[PDB]
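These notes concern the structure reproduced below.
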Amino acid sequence: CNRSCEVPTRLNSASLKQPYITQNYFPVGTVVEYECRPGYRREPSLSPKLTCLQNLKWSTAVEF
Amino acid sequence: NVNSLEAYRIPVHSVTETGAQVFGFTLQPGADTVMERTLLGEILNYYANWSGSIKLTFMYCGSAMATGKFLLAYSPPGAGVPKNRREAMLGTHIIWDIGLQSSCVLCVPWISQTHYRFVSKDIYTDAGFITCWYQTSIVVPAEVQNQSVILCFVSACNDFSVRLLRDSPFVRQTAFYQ
Amino acid sequence: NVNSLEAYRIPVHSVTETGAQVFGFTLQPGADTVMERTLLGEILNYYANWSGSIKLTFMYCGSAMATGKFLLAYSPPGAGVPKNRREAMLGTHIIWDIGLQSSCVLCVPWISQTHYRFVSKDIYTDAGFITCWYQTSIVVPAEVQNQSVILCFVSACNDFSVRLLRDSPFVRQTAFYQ
Amino acid sequence: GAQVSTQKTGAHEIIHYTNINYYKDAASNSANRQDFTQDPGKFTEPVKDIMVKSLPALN
Amino acid sequence: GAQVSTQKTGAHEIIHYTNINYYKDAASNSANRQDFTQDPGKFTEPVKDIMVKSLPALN
Amino acid sequence: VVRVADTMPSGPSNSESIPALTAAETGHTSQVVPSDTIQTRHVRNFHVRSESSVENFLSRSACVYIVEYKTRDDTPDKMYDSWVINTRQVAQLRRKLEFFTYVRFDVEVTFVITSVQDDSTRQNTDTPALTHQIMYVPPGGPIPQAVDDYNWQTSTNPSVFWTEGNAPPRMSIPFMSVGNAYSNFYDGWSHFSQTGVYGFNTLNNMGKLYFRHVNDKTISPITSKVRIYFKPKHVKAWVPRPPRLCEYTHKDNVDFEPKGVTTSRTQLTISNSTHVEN
Amino acid sequence: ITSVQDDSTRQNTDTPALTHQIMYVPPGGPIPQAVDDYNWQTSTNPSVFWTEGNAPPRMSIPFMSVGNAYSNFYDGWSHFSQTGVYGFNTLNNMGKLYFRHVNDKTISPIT
Amino acid sequence: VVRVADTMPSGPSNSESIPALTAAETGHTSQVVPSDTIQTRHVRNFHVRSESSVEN
Amino acid sequence: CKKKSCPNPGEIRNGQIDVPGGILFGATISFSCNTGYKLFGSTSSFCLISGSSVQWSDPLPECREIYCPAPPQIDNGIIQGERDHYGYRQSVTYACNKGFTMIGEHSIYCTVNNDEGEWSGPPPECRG
Amino acid sequence: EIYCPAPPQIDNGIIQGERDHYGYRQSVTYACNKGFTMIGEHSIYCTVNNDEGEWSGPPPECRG
Amino acid sequence: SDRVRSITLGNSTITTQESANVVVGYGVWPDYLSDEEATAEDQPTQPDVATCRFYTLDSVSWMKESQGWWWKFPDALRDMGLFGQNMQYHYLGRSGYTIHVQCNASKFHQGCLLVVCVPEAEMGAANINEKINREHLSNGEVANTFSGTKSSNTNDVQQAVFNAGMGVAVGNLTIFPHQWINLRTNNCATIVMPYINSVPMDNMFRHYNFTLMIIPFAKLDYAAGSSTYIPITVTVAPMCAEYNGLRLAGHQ
Amino acid sequence: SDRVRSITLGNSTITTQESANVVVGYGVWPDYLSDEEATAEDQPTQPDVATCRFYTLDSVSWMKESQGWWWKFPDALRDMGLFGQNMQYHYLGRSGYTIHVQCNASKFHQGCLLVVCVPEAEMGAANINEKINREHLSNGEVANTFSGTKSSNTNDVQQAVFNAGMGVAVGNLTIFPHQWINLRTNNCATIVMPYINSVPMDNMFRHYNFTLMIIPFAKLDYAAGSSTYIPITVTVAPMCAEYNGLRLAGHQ
Ligand SMILES: CCCCCCCCCCCCC/C=C/[C@H](O)[C@H](N)CO
Ligand SMILES: CCCCCCCCCCCCC/C=C/[C@H](O)[C@H](N)CO
């Protein structure tokens with residue numbers, strides 16, 4: 001029963017991959033990864049990853 | 001080439017056929033991807049209107065034995081992008097001879113119907129196209145590297161003006177930084 | 001010696017080896033424990049910035065047959081505390097000869113990079129060190145007491161200034177006084 | 001002890017406003033949003049041996 | 001019956017404010033926070049036979 | 001604008017002029033300019049001794065006191081309150097005023113009134129806005145003894161009414177003293193035979209404040225607390241005095257526990273630090 | 001300043017107007033440790049009181065710095081030996097703000 | 001009120017005056033007025049660099 | 001009461017000690033080794049409680065020296081003054097034999113990438 | 001390195017910080033016990049005469 | 001011709017025959033601190049020409065795949081004669097600088113360099129929330145080197161050329177006083193920086209004033225048979241230096 | 001009274017209350033080298049007040065049977081702050097000196113000192129036809145000590161007080177600038193030596209300019225109960241110092 005984050009930030013052009021979309025309990029330092037939703041394509045100048053910080057809030061995720 | 005110093009290096013070499021081309025982009029200093037994150041474009045993204053002329057400077061960073069001429073051209077909108085060198089020499093061009101002064105200036109004037117254009121994209125304030133053409137060739141002697149590099153600069157003139165304070169579309173924050 | 005009049009008595013006597021020392025403290029009139037509860041330090045604890053020079057006066061309260069010389073020295077910060085007499089004579093010192101005028105004045109000037117220092121402790125506005133050195137010795141005749149006492153004074157010059165009104169860290173109240 | 005200035009207005013087609021300072025400190029005053037001067041000669045043209053712009057400026 | 005003074009401002013780089021007294025009693029007025037004079041000659045140097053500071057001032 | 005004094009340039013010296021050798025035995029502070037012992041440069045100094053003046057040191061809205069009273073109590077004595085006016089029950093403004101021996105000033109007085117609903121069973125009410133009365137009684141006048149006393153009718157005594165939600169009450173008060181200045185310290189007795197009460201308590205004599213709710217008795221208890229904020233202004237002060245070392249014990253005398261001079265040290269000399277390692 | 005009634009069982013109240021205190025502590029001063037601390041008595045520290053429903057609080061503050069200008073960037077260390085903390089964190093030194101409700105403890109939580 | 005600079009009229013040119021050929025190697029931004037490369041007309045320009053000042 | 005002081009940490013050879021908040025009870029010091037040197041052990045200590053006084057929580061770490069591996073031999077060519085160990089910023093100059101022509105840069109130098117010794121480029125070659 | 005010999009012990013008195021070896025220009029300071037009075041100089045120092053270590057004078061004495 | 005320039009300081013002189021225009025500062029020339037903006041009270045030490053002279057740093061080798069080098073200049077001149085000695089005995093100091101960067105090749109060579117002086121170039125760490133050692137920021141007279149890819153050495157600076165260590169676009173560094181050494185036509189890299197700070201004097205060790213960076217935008221490129229070893233030499237002078245607050249010897 | 005004197009140099013100040021007359025030089029005051037008697041061609045370094053200030057040497061203990069002490073003064077100030085640092089970086093240097101010797105006792109004490117500055121005091125060897133080590137001539141800030149009897153230490157100076165090391169009558173040393181510290185009435189030992197040499201500038205290490213000697217003619221004598229430890233402290237200042245011929249760091 002450690003500290004956990006919320007559900008990661010719902011983006012309107014990306015969805016989670018499939019180890020991360022089902023499971024809860026995100027500890028600190030956890031990286032999650034997003035994939036392009038259908039039908040979208042990747043922007044190569046941005047890395048689609050989110051780290052959860054010490055204050056139990058994710059990093060800024062805008063539009064991948 | 002975004003993740004390197006190769007984004008700033010424009011290729012130029014000797015071509016087996018003239019009448020050619022070098023590059024081209026769309027004159028949108030803050031909407032176009034080319035000059036988006038530039039100094040002028042990042043001052044210009046805190047605004048919503050702009051006006052005035054724009055300079056372009058081309059430093060030829062090749063050998064001192066190499067020589068050649070280019071066609072630096074601006075095309076006001078209304079037609080499409082030019083597809084030949086003879087369609088691009090109907091615009092606002094200058095022919096650049098490479099020599100002891102290794103850089104030239106293409107001055108893009110203010111040809112508009114309104115006093116202002118939008119720094120974002122609308123179809124009502126389209127601004128034209130900037131293309132550069134192999135005019136003749138790159139001519140080098142023996143034991144000199146053919147493939148050289150042009151560097152392009154951009155700045156504003158003494159009649160440039162910005163009008164509507166907005167927030168920049170590039171700042172993004174999710175949580176407080178601590 | 002805090003709970004007595006011995007806090008104000010600085011010991012001095014005859015020493016079997018010169019090149020020595022007498023005392024030293026850190027120039028912080030309101031952060032250092034030595035001149036904390038002084039008149040200048042208690043005016044100075046209702047503030048948060050200070051500036052200007054500081055005087056120090058040394059009354060030799062010994063016999064009239066006793067004589068000797070001292071090295072009164074100030075060391076601006078950046079190096080450590082000096083550990084010799086020859087490291088402390090590189091600073092801002094004066095040699096004090098005891099005679100018919102029984103007191104001398106060490107004037108600590110304003111050697112800073114900012115116009116102000118903090119009356120509390122930060123590392124950015126360190127102010128230096130004040131040390132006093134047996135230079136030669138105390139020389140007395142027969143049937144005269146060797147061990148005598150120096151008294152040290154402190155005040156401010158005519159360019160001293162304080163800036164930020166705060167509450168003093170020395171007032172403490174738990175309930176109303178009735 | 002009032003002071004009268006001009007209002008920011010359009011061109012091609014001198015209206016005045018009045019101002020009184022009420023507080024004793026100068027940090028209290030309203031911001032100076034009417035200074036339009038500039039001098040871009042220390043950032044552009046930041047060289048020695050000032051050029052002519054018609055000469056080649058080399059050799 | 002207004003009076004115009006100077007505002008407290010910085011040095012090395014004369015702004016005025018205006019003041020009107022509204023009440024009939026002088027205890028009602030705003031505090032006088034602009035008197036910067038001093039004379040520390042009654043606490044320091046509080047002696048007779050005023051010294052010179054270059055002489056020994058004894059014998 | 002009276003700037004601080006400047007530093008003048010100087011050079012080498014070899015003469016019979018001795019500014020460092022002084023006599024501190026003559027009650028006299030030496031006035032050694034820093035250009036007399038070291039060689040200095042020309043410093044044009046632009047600092048102002050502005051915020052260290054006695055007005056700029058004392059004219060802040062300090063306090064004096066907290067006052068509690070209820071609007072529904074079974075005992076009729078906790079329904080209103082009172083306070084004999086001194087400035088010596090809070091140590092900060094007391095120490096600041098006791099930097100000087102005599103003072104003379106006008107007072108700007110502000111009240112900060114806050115009400116809390118007390119605990120009861122019937123705690124869900126619909127209460128209209130509470131209204132407060134602060135009546136001042138000059139020294140010798142008649143005192144109220146209840147909240148429905150007819151001595152609150154303030155025909156000559158100055159009283160202030162306040163409604164919940166507005167700006168706080170503030171009024172100015174002139175130099176209300178019978179001597180030429182106020183006394184922070186009085187070394188004497190009340191009776192001519194050197195008996196009676198000793199100290200500054202003979203000279204207080206300011207009258208007292210009285211506090212109540214103007215409303216009638218509510219159906220649920222609400223406790224109100226008003227904080228009297230004193231703020232001096234138009235200040236003159238005479239014969240200065242050392243800052244107090246020890247802690248205050250009472251409001252009517254200067255009695256103390258003997259405290260040492262300062263914080264201690266471990267040795268009489270300084271050196272470099274002997275902690276952990278390089 | 002905006003207040004929201006938190007979730008509890010006894011959520012139907014009759015609450016009077018909340019009053020707030022914002023106290024500024026200059027660098028080095030004493031810090032409060034509770035809401036009923038006597039360090040909130042603001043005799044020298046500047047503090048601002050506000051009642052629910054009025055215009056928002058606004059005050060002006062002069063150039064409160066010890067250098068000739070503020071520093072957005074500092075390329076150096078805190079200690080002279082080039083150790084310690086690196087960057088602009090050596091030069092912040094502004095003091096801190098403290099926030100409480102002037103009222104006593106209510107019968108229902110309000111954040 | 002400090003307006004922006006105006007555009008002056010020009011004509012044909014055939015001379016040894018070369019404003020386009022510069023040296024960007026000397027840390028120097030060229031100050032080519034648009035009346036130096038193309039033939040322009042008289043534009044009396046009434047724009048103010050007002051809302052781009054550091055205060056604004 | 002007042003806080004107790006932990007002992008003075010002193011020095012790490014070929015490394016730093018960063019002491020941002022003094023060495024009182026509840027402090028934190030950090031450790032970092034220089035260029036060409038690698039940290040082995042602890043990166044931080046706390047001024048914890050130990051018995052009846054205060055001590056540091058971790059012992060003092062060590063800065064070993066990082067080496068690039070042995071430089072690659074080229075075909076038909078030797079190394080001018082080949083050293084036994086090659087540390088950071090140090091280079092090997094390749095010569096070339098009689099009857100053979102160099103191609104490319106003469107010298108490569110030693111770099112640290114991902115805390116690991118590595119030569120900067122490929123060695124040259126002599127054809128003839 | 002030239003050394004003076006071991007410094008002579010005085011009757012009714014000790015040496016303040018007695019070192020194991022005494023080189024050139026180095027001195028011993030003699031203290032004195034409670035109830036005894038020093039006579040003469042407190043300290044003697046080490047000299048070289050004819051390339052030989054030697055103390056400079058006689059040690060003091062405490063009578064009481 | 002204006003391609004030739006002589007620069008004389010102390011007992012040292014630099015002559016160049018392929019200068020283009022000697023680049024010099026923000027428009028301001030270095031000068032001693034006036035006594036109307038001064039803070040410290042004792043007499044400054046304007047030492048002599050004994051500090052106001054040229055010092056040569058180490059040479060870095062420009063290869064075909066080199067990325068960029070940097071220095072920290074109050075700290076890089078810390079063992080350079082009496083200048084560095086004054087740094088070790090005074091608390092406060094102050095100087096402008098004449099930086100002259102030299103580099104030469106032949107006419108069959110090609111490649112272009114950017115030489116920028118950046119005030120307050122606060123570098124960012126390779127791993128994010130972690131300390132940086134001083135040896136990775138400033139290594140004395142020895143240059144630290146940028147990379148192409150992101151770096152992850154522990155207690156080290158994030159060294160990508162396309163972010164310049166600080167976190168900006170590297171084509172935007174022409175806002176600072178700079179030049180280019182185009183091997184076609186240049187060697188004239190002066191930048192005569194004035195004293196730039198927010199205080200009238202400052203400590204030489206605790207503060208870094210600015211950062212010299214030499215970044216090749218058009219990389220070095222030559223045909224087979226030309227000289228493959230091309231060094232780059234950086235020479236630096238203090239100007240109008242003065243010192244204040246003399247005490248014991250400082251922090252090495 | 002004329003018994004009081006203040007002496008101010010740099011950031012250092014000496015006050016004396018039992019001076020008699022501050023003794024000062026051959027009548028000549030120290031001054032910088034003129035350009036009509038100069039030989040070297042480059043610009044001199046007149047450094048600042050950073051060298052022209054007082055430095056305190058070690059203390060020597062005056063016992064009942066002490067004989068005399070000596071120093072060599074361009075060499076004794078070789079680790080004394082920036083002065084010594086300039087000695088290590090320049091080839092030629094030049095300065096006058098303000099020597100102030102202090103010593104105090106009580107009125108029940110008696111004894112008399114001679115304080116002489118002797119130019120070119122070339123010492124003689126203890127064994128005759130044999131070399132002298134440099135550590136026996138000048139030991140830095142640490143005094144060498146005369147004897148009463150003749151000395152025969154190897155590679156050492158002949159140290160008898162009645163010949164003063166040089167081979168003359170010691171009562172004839174009052175031909176040089178001197179004073180006496182009679183403990184009855186004195187402390188005022190100034191000697192403001194000018195620059196004295198046969199060349200306009202000279203090397204600080206290869207040449208010794210003069211020699212301070214403190215010789216008690218009437219020995220220290222006191223009754224039982226007075227303070228037995230009487231130190232003698234020597235403080236020395238350079239005046240109008242300048243330096244020439246800057247090169248790498250010199251001979252330690
Ligand atoms: C209805 C509102 C009236 C408010 C009345 C409250 C204050 C009236 C009493 C005058 C205050 C005197 C201020 C303090 C006096 C002296 O400073 C003290 N004795 C300290 O010496
Ligand atoms: C009771 C109300 C008082 C309110 C106090 C809040 C602000 C007081 C602190 C001063 C604000 C300084 C503004 C920021 C400073 C600089 O710009 C930053 N260091 C950026 O460099």
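Chain labels follow the order of the structure tokens: the first chain is A, the next B, and so on; residue numbering restarts at 1 in every chain, and ligands are counted from 1 in their shown order.
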Show me which residues sit within 9 Å of ligand 1 when counting only C-alpha atoms and all ligand atoms, and put them as a PyMOL selection string. chain F and resi 85-88+94+97-98+101-110+133-138+157-161+169-177+181-185+200+203-210+228+230-232
At a cut-off of 10 Å around ligand 2, and using only C-alpha atoms and all ligand atoms, what residues come up? Please write them as a ChimeraX atom specification. /G:21-27,42,45-49,57-65,69-74,88-89,91-99
If I take atom CA of residue 107 of chain L and atom CA of residue 85 of chain C, how far is one from the other in Å, to one decimal?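 Separation between atom CA of residue 107 of chain L and atom CA of residue 85 of chain C: 27.5 Å.
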According to DSSP computed on the backbone, where in chain G is there helix (DSSP H, G or I)? Give the residues as a list in words.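 Selection result, helix (DSSP H, G or I) within chain G: residues 38, 39, 40, 88, 89, 90 and 91 of chain G.
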Write a file of the just-selected residues containing N, CA, C and O atoms, as a short mmCIF file (atom, residue, chain, number, x, y, z; two decimals), in the first residue's frame.
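Wrote it out as selection_9.cif, contents follow:
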```cif
data_model
loop_
_atom_site.label_atom_id
_atom_site.label_comp_id
_atom_site.auth_asym_id
_atom_site.auth_seq_id
_atom_site.Cartn_x
_atom_site.Cartn_y
_atom_site.Cartn_z
N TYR G 38 1.38 32.82 18.38
CA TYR G 38 1.48 34.24 18.68
C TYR G 38 2.47 34.96 17.78
O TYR G 38 2.69 36.15 17.96
N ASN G 39 3.07 34.25 16.82
CA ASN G 39 3.91 34.87 15.81
C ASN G 39 3.11 35.53 14.71
O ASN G 39 3.69 36.23 13.88
N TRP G 40 1.79 35.32 14.68
CA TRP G 40 0.92 35.94 13.70
C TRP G 40 0.50 37.35 14.09
O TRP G 40 -0.30 37.95 13.37
N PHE G 88 21.20 29.78 -9.77
CA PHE G 88 20.48 30.95 -9.28
C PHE G 88 19.88 30.78 -7.89
O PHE G 88 19.31 31.74 -7.37
N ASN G 89 20.02 29.61 -7.27
CA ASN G 89 19.38 29.39 -5.99
C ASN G 89 20.11 30.09 -4.85
O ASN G 89 19.53 30.26 -3.77
N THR G 90 21.35 30.53 -5.08
CA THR G 90 22.08 31.26 -4.06
C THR G 90 21.54 32.67 -3.85
O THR G 90 21.77 33.26 -2.79
N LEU G 91 20.81 33.21 -4.82
CA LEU G 91 20.48 34.63 -4.85
C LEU G 91 18.99 34.89 -4.70
O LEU G 91 18.53 35.99 -5.01
#
```
Suppose you want the space between atom CA of residue 226 of chain L and atom CA of residue 143 of chain C; what is it in Å?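 It comes out at 6.6 Å.
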Record the distance separating atom CA of residue 99 of chain I and atom CA of residue 84 of chain I, expressed in Å with one decimal. 28.3 Å
Would you mind listing, for every residue of chain G within 9 Å of chain I, the two atoms forming the shortest contact and the distance between them in Å to one decimal, using only C-alpha atoms, sorted by chain and ascending residue number, as a Markdown table?
```
| residue | atom | partner | partner_atom | distance |
| --- | --- | --- | --- | --- |
| G:78 | CA | I:20 | CA | 8.2 |
| G:79 | CA | I:20 | CA | 8.7 |
| G:83 | CA | I:18 | CA | 5.3 |
| G:84 | CA | I:18 | CA | 4.7 |
| G:85 | CA | I:20 | CA | 6.0 |
```
Distance cut-off 12 Å, counting only C-alpha atoms - which residues of chain L neighbour chain J? Return them as a ChimeraX atom specification. /L:60-67,126-127,139,142-156,158-159,221-230
Could you dump the residues just selected with N, CA and C atoms as a JSON list (two decimals), in the first residue's frame?
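In the end it all went to result-v2.json:
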```
[["chain", "number", "residue", "atom", "x", "y", "z"],
["L", 60, "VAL", "N", 61.79, 37.60, 18.45],
["L", 60, "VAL", "CA", 62.92, 37.01, 19.14],
["L", 60, "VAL", "C", 62.84, 37.39, 20.61],
["L", 61, "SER", "N", 63.30, 36.48, 21.46],
["L", 61, "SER", "CA", 63.19, 36.62, 22.90],
["L", 61, "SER", "C", 64.48, 37.20, 23.46],
["L", 62, "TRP", "N", 64.37, 38.31, 24.18],
["L", 62, "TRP", "CA", 65.54, 38.97, 24.77],
["L", 62, "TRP", "C", 65.71, 38.50, 26.20],
["L", 63, "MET", "N", 66.72, 37.66, 26.41],
["L", 63, "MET", "CA", 67.05, 37.10, 27.70],
["L", 63, "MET", "C", 68.18, 37.91, 28.32],
["L", 64, "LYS", "N", 68.65, 37.48, 29.49],
["L", 64, "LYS", "CA", 69.71, 38.24, 30.16],
["L", 64, "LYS", "C", 71.05, 38.09, 29.46],
["L", 65, "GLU", "N", 71.29, 36.96, 28.81],
["L", 65, "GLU", "CA", 72.57, 36.70, 28.17],
["L", 65, "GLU", "C", 72.45, 36.59, 26.65],
["L", 66, "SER", "N", 71.47, 37.26, 26.07],
["L", 66, "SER", "CA", 71.35, 37.28, 24.62],
["L", 66, "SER", "C", 72.34, 38.27, 24.04],
["L", 67, "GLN", "N", 72.73, 38.02, 22.79],
["L", 67, "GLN", "CA", 73.84, 38.73, 22.19],
["L", 67, "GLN", "C", 73.45, 39.61, 21.01],
["L", 126, "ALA", "N", 83.15, 31.38, 9.55],
["L", 126, "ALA", "CA", 83.64, 30.98, 10.87],
["L", 126, "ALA", "C", 84.99, 30.29, 10.78],
["L", 127, "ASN", "N", 85.09, 29.26, 9.96],
["L", 127, "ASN", "CA", 86.36, 28.76, 9.48],
["L", 127, "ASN", "C", 86.70, 29.56, 8.23],
["L", 139, "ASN", "N", 67.95, 33.54, 6.84],
["L", 139, "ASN", "CA", 67.03, 32.45, 7.14],
["L", 139, "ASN", "C", 65.58, 32.92, 7.00],
["L", 142, "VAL", "N", 63.23, 34.44, 9.86],
["L", 142, "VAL", "CA", 63.73, 33.91, 11.12],
["L", 142, "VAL", "C", 65.14, 34.46, 11.34],
["L", 143, "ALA", "N", 65.39, 34.98, 12.53],
["L", 143, "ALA", "CA", 66.65, 35.64, 12.81],
["L", 143, "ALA", "C", 67.78, 34.64, 13.04],
["L", 144, "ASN", "N", 68.97, 35.01, 12.57],
["L", 144, "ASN", "CA", 70.21, 34.38, 12.97],
["L", 144, "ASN", "C", 70.76, 35.13, 14.17],
["L", 145, "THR", "N", 71.52, 34.43, 15.00],
["L", 145, "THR", "CA", 71.88, 34.96, 16.31],
["L", 145, "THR", "C", 73.40, 35.00, 16.45],
["L", 146, "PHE", "N", 73.92, 36.16, 16.85],
["L", 146, "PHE", "CA", 75.33, 36.31, 17.20],
["L", 146, "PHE", "C", 75.66, 35.53, 18.48],
["L", 147, "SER", "N", 76.95, 35.45, 18.78],
["L", 147, "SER", "CA", 77.41, 34.81, 20.01],
["L", 147, "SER", "C", 78.34, 35.76, 20.77],
["L", 148, "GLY", "N", 78.87, 35.27, 21.88],
["L", 148, "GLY", "CA", 79.86, 36.03, 22.62],
["L", 148, "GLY", "C", 81.27, 35.60, 22.28],
["L", 149, "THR", "N", 81.50, 34.29, 22.30],
["L", 149, "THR", "CA", 82.78, 33.70, 21.95],
["L", 149, "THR", "C", 82.81, 33.52, 20.43],
["L", 150, "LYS", "N", 84.00, 33.25, 19.89],
["L", 150, "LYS", "CA", 84.11, 32.92, 18.48],
["L", 150, "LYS", "C", 83.43, 31.59, 18.17],
["L", 151, "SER", "N", 82.88, 31.50, 16.97],
["L", 151, "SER", "CA", 82.12, 30.34, 16.54],
["L", 151, "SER", "C", 82.92, 29.53, 15.53],
["L", 152, "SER", "N", 82.68, 28.22, 15.52],
["L", 152, "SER", "CA", 83.38, 27.34, 14.60],
["L", 152, "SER", "C", 82.45, 26.28, 14.01],
["L", 153, "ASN", "N", 81.19, 26.62, 13.80],
["L", 153, "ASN", "CA", 80.30, 25.73, 13.08],
["L", 153, "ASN", "C", 80.69, 25.71, 11.61],
["L", 154, "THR", "N", 80.60, 24.53, 10.99],
["L", 154, "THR", "CA", 81.03, 24.40, 9.61],
["L", 154, "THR", "C", 80.03, 25.06, 8.67],
["L", 155, "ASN", "N", 80.58, 25.73, 7.64],
["L", 155, "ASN", "CA", 79.83, 26.45, 6.60],
["L", 155, "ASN", "C", 78.92, 27.52, 7.20],
["L", 156, "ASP", "N", 79.43, 28.23, 8.21],
["L", 156, "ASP", "CA", 78.66, 29.16, 9.01],
["L", 156, "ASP", "C", 79.41, 30.48, 9.11],
["L", 158, "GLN", "N", 81.11, 33.66, 11.02],
["L", 158, "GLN", "CA", 81.79, 34.03, 12.25],
["L", 158, "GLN", "C", 80.93, 35.00, 13.04],
["L", 159, "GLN", "N", 80.38, 34.53, 14.16],
["L", 159, "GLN", "CA", 79.40, 35.30, 14.91],
["L", 159, "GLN", "C", 79.95, 35.62, 16.31],
["L", 221, "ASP", "N", 68.22, 43.60, 32.37],
["L", 221, "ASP", "CA", 68.47, 43.33, 33.77],
["L", 221, "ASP", "C", 67.28, 43.81, 34.58],
["L", 222, "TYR", "N", 66.79, 42.95, 35.47],
["L", 222, "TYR", "CA", 65.58, 43.21, 36.23],
["L", 222, "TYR", "C", 65.69, 42.50, 37.57],
["L", 223, "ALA", "N", 64.86, 42.94, 38.51],
["L", 223, "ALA", "CA", 64.79, 42.29, 39.81],
["L", 223, "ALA", "C", 63.78, 41.15, 39.78],
["L", 224, "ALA", "N", 63.85, 40.31, 40.81],
["L", 224, "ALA", "CA", 63.01, 39.12, 40.87],
["L", 224, "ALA", "C", 61.56, 39.48, 41.14],
["L", 225, "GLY", "N", 60.67, 39.01, 40.28],
["L", 225, "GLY", "CA", 59.25, 39.32, 40.34],
["L", 225, "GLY", "C", 58.73, 40.07, 39.13],
["L", 226, "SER", "N", 59.60, 40.74, 38.38],
["L", 226, "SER", "CA", 59.18, 41.38, 37.15],
["L", 226, "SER", "C", 58.97, 40.33, 36.06],
["L", 227, "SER", "N", 58.38, 40.76, 34.95],
["L", 227, "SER", "CA", 58.15, 39.86, 33.83],
["L", 227, "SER", "C", 59.48, 39.49, 33.20],
["L", 228, "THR", "N", 59.75, 38.19, 33.14],
["L", 228, "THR", "CA", 61.01, 37.69, 32.63],
["L", 228, "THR", "C", 61.00, 37.50, 31.12],
["L", 229, "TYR", "N", 59.83, 37.37, 30.51],
["L", 229, "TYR", "CA", 59.72, 37.21, 29.06],
["L", 229, "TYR", "C", 59.48, 38.57, 28.42],
["L", 230, "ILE", "N", 60.48, 39.05, 27.69],
["L", 230, "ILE", "CA", 60.42, 40.33, 27.00],
["L", 230, "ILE", "C", 60.66, 40.08, 25.51]]
```
10 Å contacts from chain C to chain E using only C-alpha atoms, as a list in words: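 Result: residues 100, 101 and 158 of chain C.
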Quick one: which residues from chain D are at most 12 Å off chain E, using only C-alpha atoms, as JSON, numbers by chain? {"D": [1, 2, 3, 19, 20, 21, 22, 23, 24, 25, 26, 27, 28, 29]}
Selected residue, from C:14, C:53, C:120, C:28, that lies nearest to chain F when counting only C-alpha atoms: C:53
Return as a list in words the full set of residues in chain A whose backbone-based DSSP assignment is strand (DSSP E). residues 14, 15, 16, 31, 32, 33, 34, 35, 36, 49, 50 and 51 of chain A
Please identify all polymer residues within 12 Å of residue 64 of chain C, counting only C-alpha atoms, omitting same-chain residues fewer than 3 positions from it, and present them as a PyMOL selection string. (chain C and resi 60-61+67-68+98-102+138-141+144-146+148) or (chain L and resi 105-108)
